[PDB]
Every structure is written in C-alpha cells, then in structure tokens.
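Working notes, beginning with the structure itself.
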Amino acid sequence: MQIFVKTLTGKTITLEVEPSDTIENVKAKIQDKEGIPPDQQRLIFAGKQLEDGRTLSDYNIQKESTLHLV
Ligand SMILES: [Zn+2]
Ligand SMILES: [Zn+2]
C-alpha cells in the first residue's frame, strides 16, 4: 500500500508499506527520507494517536491514506 506522510511543514513523503508494518517501521522509513529521528516523531491518522508497536491495518490505514507528523 502507498501512504502519504505530511511533515510539520506540510511536505509530502510517499511511502511504500504493507498492511502489517508497525508504526515503528514507518517511523524508520520517515527517518531515512527526511532525517527526523524516530523519538522525534509523533504520528496521527484520522485524529488517532498512533502507537509504535501497532500496525497500519490495526488503525484501518489504507491505500492512499494520509498520516500527519504532529
Ligand atoms: Zn503497495
Ligand atoms: Zn515493511
């Protein structure tokens, strides 16, 4: 699945992921993309605060879903 992550500046990061990727995995991908350390990252999808050890499917994140770094 393709997802979008919007940075604090509104920059778009396009990520290739799998339903079962954890939020931890996503944070490492964001690190590689923009150099933001994972401890510095806080993610939201549809107003839910996302936990590192849960998966994209766990939050009903889907193809073309947008996430926000907050
Ligand atoms: Zn895909
Ligand atoms: Zn993965």
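Starting from 1, each residue takes its place in the sequence as its number. Atoms within each ligand, like the ligands themselves, are counted from 1 in listed order.
- Listed by chain and residue number, the protein N/O/S atoms under 2.8 Å of the Zn ion (ligand 1) are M1 N, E16 OE2, with waters left out.
- The shortest distance between side-chain heavy atoms of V17 and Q2 does not fall below 4.5 Å.
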- Task: Begin from the C-alpha positions of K29 and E16 and carry the test salt bridge (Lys or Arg N to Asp or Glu O under 4.0 Å) through to its verdict.
- Result: CA-CA 9 Å; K29 290 175 196 291; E16 186 46 32; over 6 Å; no
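- Using a 4.5 Å heavy-atom threshold, the side chains of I44 and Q49 count as touching.
- Between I30 and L15, some side-chain heavy-atom pair lies under the 4.5 Å cut-off.
- Looking at heavy atoms from C-beta onward, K11 lies out of side-chain contact with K6 at the 4.5 angstrom threshold.
- Restricting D21 to its N/O/S atoms, the shortest distance to the Zn ion (ligand 2) is reached by OD1.
- Using a 4.5 Å heavy-atom threshold, the side chains of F4 and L67 count as separate.
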